[PDB]
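Just the one chain here, laid out as structure tokens, in the form deposited in one PDB entry.
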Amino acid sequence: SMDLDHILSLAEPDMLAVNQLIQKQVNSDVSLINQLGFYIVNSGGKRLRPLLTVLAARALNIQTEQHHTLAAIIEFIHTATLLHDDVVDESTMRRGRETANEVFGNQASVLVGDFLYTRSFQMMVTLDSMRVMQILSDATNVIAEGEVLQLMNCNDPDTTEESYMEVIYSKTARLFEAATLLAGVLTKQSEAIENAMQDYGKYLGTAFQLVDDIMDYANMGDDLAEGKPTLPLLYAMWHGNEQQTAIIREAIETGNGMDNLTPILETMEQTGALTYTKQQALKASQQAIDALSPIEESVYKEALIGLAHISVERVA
């Protein structure tokens, strides 16, 4: 499969245009918006969602440059979400750097999130497709719902596997799914090709999230400290002995224990909790690949298959 260097090289001409657009579309008459927008936009995100979007639009031989605007739209939505999450979580650090709410305060972060969300809709309007906006209005409502679903799960050790997977789907997979779907919408593909791209995005997002959650136990236990129960921790809790179950249950309820997870890590190894989670990741990764079957052959399709392989490479 195609490696990251080549994927990026393939995508760079498009990603340069998207970067320019992301930076310029922050503009406002209000200086605080320009500052905070600058800060969040230029803090060094991996820009994975717009990369997906542009590779997808090319894979479907797009004739316009509308995938640049669409890519900018997706990243604005994701950025709006990040700003709000960091206030909601009271995060202090992101991308090795102080968070926007730490630098500018909670109030300003929330409001500029709203500025970026609404700005992303002004941009959607320029694509002149009511369907684009139906999909994204739907997607963003789901994201908001997933955020509350995650809050309901905070410090809840009774959080079920289904509830956990629903948060992955609503809060992460749905936006990847929307991105790839909308590449098909822009290029006027059939329902079945739209479904293929939609599925690749969904399963890819799911894989990325599962692996992020795995990597958190290989700082370690950032999720635990924030009171966020994830599958490795839950599986270990469900299948361990009574003592292991109790300490994990305690850890989830309190958010204590990040500075020494030894007995929790041991429980994961013994129950196969990480292995189980790794298998769901690999599964999702393969499902993303299989979903691309119909897509015409091109270097861009190989790039999309590449990403699905990269998403789980630290686990495969």
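Residue numbers run from 1 along the displayed sequence. In this text, rigid core is short for the largest set of C-alphas that superpose within 1.5 Å between two forms.
Counting the deposited residues that fall between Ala218 and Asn219 and carry no coordinates gives a value of 4 to 9. Higher average CA B factor: 91-99, of the stretches 91-99 and 128-136. If you average the C-alpha B-factors over 64-72 and over 265-273, the higher value belongs to 265-273.
Across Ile143, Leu210, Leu116, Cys154, the entry's maximum B-factor at the CA atom is seen for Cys154. Residue-level inspection of the entry shows that, of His84, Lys228, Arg174, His78, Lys228 has the top Cα B-factor. In the deposited entry, the Cα temperature factor of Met258 places it in the highest third of its chain's modelled residues. Split the chain's modelled residues into thirds by C-alpha temperature factor. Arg49 is in the highest one.
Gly306: CA B factor in the middle third of modelled residues in this chain (values from the PDB entry).
Split the chain's modelled residues into thirds by C-alpha temperature factor. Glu147 is in the middle one. Placement of the Cα temperature factor of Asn27 within the chain: highest third of the modelled residues, per the deposited record.
The protein also exists as the form deposited in another entry; that form is not presented, and the subsequent description refers to it.
In the core-aligned comparison between this form and the one not shown, the C-alpha of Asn42 is the only one from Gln279, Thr64, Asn34, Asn42 that shifts by 2 Å or more. For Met258, the Cα coordinates differ by 2 angstroms or more between this form and the one not shown after the core has been superposed.
Whereas the displayed form keeps them at a certain spacing, the CA atoms of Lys171 and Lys46 lie at least 3 angstroms farther apart in the other entry. Legend note: Cα of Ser311 to Cα of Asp259 is at least 3 Å farther in the other entry than in the depicted form.
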